[PDB]
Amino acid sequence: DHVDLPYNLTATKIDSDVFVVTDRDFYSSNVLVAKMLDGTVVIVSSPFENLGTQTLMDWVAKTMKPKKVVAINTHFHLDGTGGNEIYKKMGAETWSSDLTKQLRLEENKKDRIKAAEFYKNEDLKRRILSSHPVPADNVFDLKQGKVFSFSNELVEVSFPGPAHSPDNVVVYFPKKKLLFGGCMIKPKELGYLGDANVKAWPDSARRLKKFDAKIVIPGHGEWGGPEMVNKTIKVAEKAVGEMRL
């Protein structure tokens, strides 16, 4: 039910065949790992970089013996796209919205530009550009979302509107009534606002109530029930009020 892994990762069982894998160095960041009845393992979000992702994938190999792996990017930030390089190297099928891929490409370019203006050390410069994440191989139109069927078992990817980021999506598992809300679930404080649409956040979070969720999993920290959505709306609304948005 709970294991300590190398690289300060943990894996915690939350339901039959469903685990949350967490990086304790990176503010208790959450990755969902769910095994379908047909042997498919679905991974939602990612660790920030290659060593974390490879550790995760090795744990999946040893404990889940997947017939196939499908990874779904929640948004363009590193906790979302940081695993794509390693997922792909392992032959996993990586998915995101079109907008997520677009913003990841834009962000890489912005960074390459800044690296050009800044770095005098040529050895270092190559190492940072080399550290860039890649987008997913497979893409869906953000607003229509995507429904996977794994031998009749459904996994729904859905855009409730912009919140933590312009492209943030959630993943719902209707059989187990499990919602991975990721970084748009913020029960106490909103965190990083650089890419956020705080004005839209209350409405976007309200849309998550359309899911009959028994468990809601956030991008960081403990999960909970449907009340995780309620708490997020109050948090977002407080921020809208404070910031006059």
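Numbers for residues come from their place in the sequence shown, where the first is 1.
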item: 127-135 versus 94-102 - greater average Cα B-factor per the deposited record; value: 127-135
item: Higher-B stretch (mean Cα B-factor, as the entry records it), 113-121 or 162-170; value: 113-121
item: Peak C-alpha temperature factor (PDB record), options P47, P202, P66, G182; value: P66
item: Within-chain third of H75 by Cα B-factor, per the entry; value: lowest
item: Ranked C-alpha temperature factor of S149 among modelled chain residues, by third; value: middle
item: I14, C-alpha B-factor rank within chain (lowest, middle or highest third); value: highest
item: Position of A213 among the chain's modelled residues by C-alpha B-factor, lowest, middle or highest third; value: highest
item: Chain third (lowest, middle, highest) by recorded CA B-factor, residue given as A61; value: highest
